[PDB]
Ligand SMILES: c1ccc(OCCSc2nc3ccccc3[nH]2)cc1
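In the form solved without this ligand, a lone chain appears below as structure tokens.
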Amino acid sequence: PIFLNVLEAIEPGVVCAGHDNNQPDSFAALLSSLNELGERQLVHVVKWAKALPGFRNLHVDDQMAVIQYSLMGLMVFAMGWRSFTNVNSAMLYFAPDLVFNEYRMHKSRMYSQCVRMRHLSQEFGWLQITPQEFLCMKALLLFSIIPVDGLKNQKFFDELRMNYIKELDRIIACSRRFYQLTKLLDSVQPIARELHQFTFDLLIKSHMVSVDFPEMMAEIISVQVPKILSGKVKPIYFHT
């Protein structure tokens, strides 16, 4: 199982947020750590992705775009998994030092999205997702959001997406497992979109609410995320 060997070998390990768990749960503190964790996770997603089978076949600009567009979704999906395997979905395991209980969910002002994310987390147990299915599905999410006008070398992208869908079937091998999981993959996107909207709005009014964004995440939020919110860059849904 060569493809899975590789997925297992490149999978990032533990990322802490650096959150001070002695300060009290305030909006500004929680979101400043979330923004920091976001940058720390981007670093790992980049190293991961550059080691993925075939990824370097993409034009370099398309590599960068696909990582930036799909970053939210990748982080949501991996977080749901962590929440499942670590805490059996009771709380949102963003990181070992940044675990969201109900109250934190409220204080972060992201409660509705939080509740969606633990539903997703539950799904992992409900459907009995295997580690190997999680990995292949996570790798697909990288190839699941693109400009409506296409990428710079769109054919290399389509090949790659096609080959990661096939790997997902080589792993499923039933028709019904494919239906459940394409459906699980689709449910990531609406959540990522709400997070995107929330993150964008928060950056615009960040000076007012004392929330702190790392530079690179600010650039990403200001240059790439509006492409998505303005409809130039859309998920590739399986269903509907």
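Numbers for residues come from their place in the sequence shown, where the first is 1.
There is also a form deposited with this ligand bound; it is not shown, and the following applies to it.
The putative spot formed by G18, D97 and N101 is not touched by this ligand in the entry with it bound; no residue has a non-hydrogen atom within 4.5 angstroms of it. Contact between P53 and this ligand in the entry with it bound is found at the 4.5 Å heavy atom cutoff.
This ligand is not shown here, but in the entry with it bound it comes within 4.5 Å of a heavy atom of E167. Although the partner is absent here, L141 sits far enough away that none of its heavy atoms falls within 4.5 Å of this ligand in the entry with it bound. This ligand in the entry with it bound is approached by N163, whose closest heavy atom lies within 4.5 angstroms of it.
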